[PDB]
């Protein structure tokens, strides 16, 4: 049963969300690790920024850890390690939540799990992880998209029951190509043409409904959580201020991947997790 068909024709359409946003009853706000106000802001906007999530030592430790890993894998040949063609410089590393002990501990951090389990109303597992290295002046624009539309079409994610967690590992300014989100857009599924980038008309409609464009900013260490279907994008960075980050996607154990809704072949494990965690 495909509740969110996309890329099946050349006519875009906006379909209504058929899933809860916050899956734990609001009568149980007292059990959450965040406030009623934070819960309401997530429900309404489709994302939540939390500043001072980590202590200053934890921030510095994480920043050192990404560059220590980058140096440690300089000679590695792996499809998980994305390199710039000309320099061979490492731009991204996938699947660190599983492959490295330090990043596994970050991915299992109770402060993160307590939130995502509350919001998703179940236990969770990591769908994907990635470290991004984005030096000053690097990283092209990313057109607006819903992660969900890709997870669904290409990876077989059935329902809107996953949350992305972005840890800023550089200071996040308005001017260096920050993540931008359309508030409220998680309530609307944009079918895309027969890739996965919505048309301008749909984007205008979402922006009108949301009242604008949201651009969280903050010091290194700040955390942005965003719902699976929240529309987001970024401009290029023409400034010397980098944009390094650690990205993890938490999916409900009740929403495990099936075959790609496109009818196509599975993507690699490092892109979309199909491991079911063993008893031992």
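Positions refer to the first chain, counted from 1.
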| item | value |
| --- | --- |
| Residues of the deposited sequence that sit between residue 195 and residue 194 yet are not modelled | 10 or more |
| Between the two ranges 41-49 and 23-31, the one averaging a larger CA B factor in the entry | 23-31 |
| Residue range whose averaged C-alpha B-factor is higher in the record, 11-19 or 267-275 | 11-19 |
| Residue, from 239, 55, 224, 70, that the PDB entry assigns the highest Cα B-factor | 55 |
| Residue selected from 85, 183, 156, 178 by maximal Cα B factor | 85 |
| Where the record places residue 211 (Cα B-factor, split into thirds across the chain) | highest |
| Third of chain Cα B-factors occupied by residue 77 | highest |
| Where the record places residue 187 (Cα B-factor, split into thirds across the chain) | middle |
| CA B-factor ranking of residue 102, expressed as a third of its chain | middle |
| Record-listed C-alpha B factor of residue 127: chain third | lowest |
